[PDB]
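Shown next, in structure tokens, is the structure this report addresses.
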Amino acid sequence: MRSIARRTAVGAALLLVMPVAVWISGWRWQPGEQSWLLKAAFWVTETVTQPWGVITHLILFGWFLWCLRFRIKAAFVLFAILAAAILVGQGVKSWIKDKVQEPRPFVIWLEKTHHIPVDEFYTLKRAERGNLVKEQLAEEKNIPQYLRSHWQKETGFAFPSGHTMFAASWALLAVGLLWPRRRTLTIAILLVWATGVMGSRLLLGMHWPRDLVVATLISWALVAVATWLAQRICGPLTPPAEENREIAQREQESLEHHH
Ligand SMILES: CCCCCCCCCCCCCC(=O)OC[C@H](COP(=O)(O)OCCN)OC(=O)CCCCCCCCCCCCC
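Per this note's numbering, numbering through the sequence shown is continuous, rising by one, with the last residue being 1072.
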């Protein structure tokens, strides 16, 4: 298959490692973590959560346009196609709001502590059920207000990781499009970041590693499709000859600099 999508596949693999591992190790979320880690995880999570998350995406978008400038037309198309998918994804989202029942990790601990049997809990109206989680939270004094709210906002229904799809996609677009452009500092950061985000989902008890693997995989799918359209529509995203001699120039300019 194509060279651009070989690299996205390697990314998809790399991002699968952490969550597949943790899945295999059979680790489950318990409460009472060191609260610096909860907060640091919260911020990492927050770098994608919609209040502050718009900054990240704009800066990346911008930066990506900057890096992809020799194919700037191709890039705008590509980002349009993803802006579309986001809005499709928001159409898709609304349909799921009543379908999901699988609980988030923190819900399990929460029903243990309130001595509600697994049996009764799931023999409830989906709505009455998810409300009782919402009401049970605001009576718990155990957890700090910033997490309680997030748990309330998230609702302890294991909706697919929006946080991971976004973060992972960015990092897949990096290895995908920028690897030949020597954007080694970029790529690296986004991989670390994406995984930090995945890991932060686990630390808050928002998701199970299956979810992150699905989320990662959706991204691999989506990115590979979006890039293909942009390729078929607007021609290659791979650097042209003008781009290479500029790159190959900067290599030899750095070695010859010492002289
Ligand atoms: C030609 C059209 C192709 C058709 C493809 C249709 C795409 C459908 C794939 C999504 C289906 C997954 C189900 C789902 O629940 O998605 C909704 C997801 C949830 O978002 P939450 O509000 O829960 O999360 C808040 C924190 N972001 O919110 C989402 O964001 C889902 C979409 C994720 C895509 C983003 C990846 C690209 C990001 C790169 C930056 C964008 C730059 C503008």
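For each residue, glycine too, the CB sits at the ideal point set by N, CA and C.
At the C-beta level, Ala1007 and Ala1034 stay beyond 8 Å of one another. Residue side-chain check: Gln965 keeps its Cβ at 7 Å or more from all non-hydrogen atoms of ligand 1. Of all C-beta pairs linking the segment 961-975 to the segment 1018-1025, three or more are shorter than 8 Å, placing the two stretches in contact.
Between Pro993 and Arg884, the C-beta gap is not smaller than 8 Å, which leaves the two residues out of contact. With contact defined as three or more Cβ pairs closer than 8 Å, the segment 887-904 and the segment 1045-1059 are in contact.
Residue burial is scored here from C-beta neighbours: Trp983 has at least 16 other C-beta atoms within 10 angstroms and is therefore classed as buried. If you check the C-beta of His1020 against ligand 1, you find no heavy atom less than 7 Å away. Within 10 angstroms of the beta-carbon of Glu846 lie fewer than 16 other beta-carbons, which makes it exposed.
Our two residues, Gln1065 and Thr1051, have alpha carbons roughly 22 Å apart in a direct line. Judged by the Cβ position, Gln863 qualifies as a neighbour of ligand 1 at the 7 Å threshold, a heavy atom of the ligand being closer than this.
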